[PDB]
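Taking the form deposited without the DNA, here's one chain by itself in C-alpha cells.
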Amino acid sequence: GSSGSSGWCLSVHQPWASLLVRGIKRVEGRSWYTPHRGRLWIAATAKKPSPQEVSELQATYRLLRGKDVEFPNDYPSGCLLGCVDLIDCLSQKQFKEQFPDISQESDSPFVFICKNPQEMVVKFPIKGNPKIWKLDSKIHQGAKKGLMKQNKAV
C-alpha cells in the first residue's frame, strides 16, 4: 500500500562495496530480504578489502562483464561511496533463475538487484551495518549533492 520513500543506505563489504557504485557489482548479497524498492545509498563498511579478493574479483568480474570493466584506485572504509537503484531482491533460486548470468556474483540467500550505480564525488564519515539503516538527515542532502559530478570513465 505504502512505503517510506526515504533515502536509505546499505553498507557493503569491499571491494564489492566500491565495485557496486563503480558499475561492476549489480547485485548485493544479504542473509535477509528487503522489499525496499527504489534508491539505496551504498557505503563501504569498516572492513578492508584483501589483496586476494580484489585481484581475484577483478579478473573474475572482468570475464563476467568484460575485461573492459572498471576498477577504483583505492578502497576506503566507514564512508558513503555512492548509491544504487534497487530494482528487486531475488533469492539464490529466483536470482539465478531470472538472472542466471549473475547467479554466481552473489552467494547470499536473498540477492538485492541494483542498477544505475553512481559513485559520489564526496564521501561522508558514516558507519555501516549488516542491515538497512536510515541515513542522517544531514547526510541525505549531501549525498544527493555528491551526484553533481562523476569520474571520467562514465
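The first residue of the shown sequence is 1; numbering continues from there.
The following text describes the form deposited with the DNA bound, which does not appear among the structures shown.
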So, a 4.5 angstroms cut-off on heavy atom distances: do all three of 39, 119 and 144 pass it with respect to the DNA in the deposited complex?
no
Closest heavy atom of residue 18 to the DNA in the deposited complex, within 4.5 Å or not?
no
I'd like to know whether residue 127 contacts the DNA in the deposited complex, with contact meaning heavy atoms within 4.5 angstroms.
yes
Look up in the deposited complex whether residue 63 has a non-hydrogen atom within 4.5 angstroms of the DNA, and give yes or no.
no
Contact between residue 45 and the DNA in the deposited complex at 4.5 Å, heavy atoms?
yes
Could you tell me which stretch in 22-30, 94-102, 81-89, 54-62 has residues with non-hydrogen atoms within 4.5 Å of the DNA in the deposited complex?
22-30
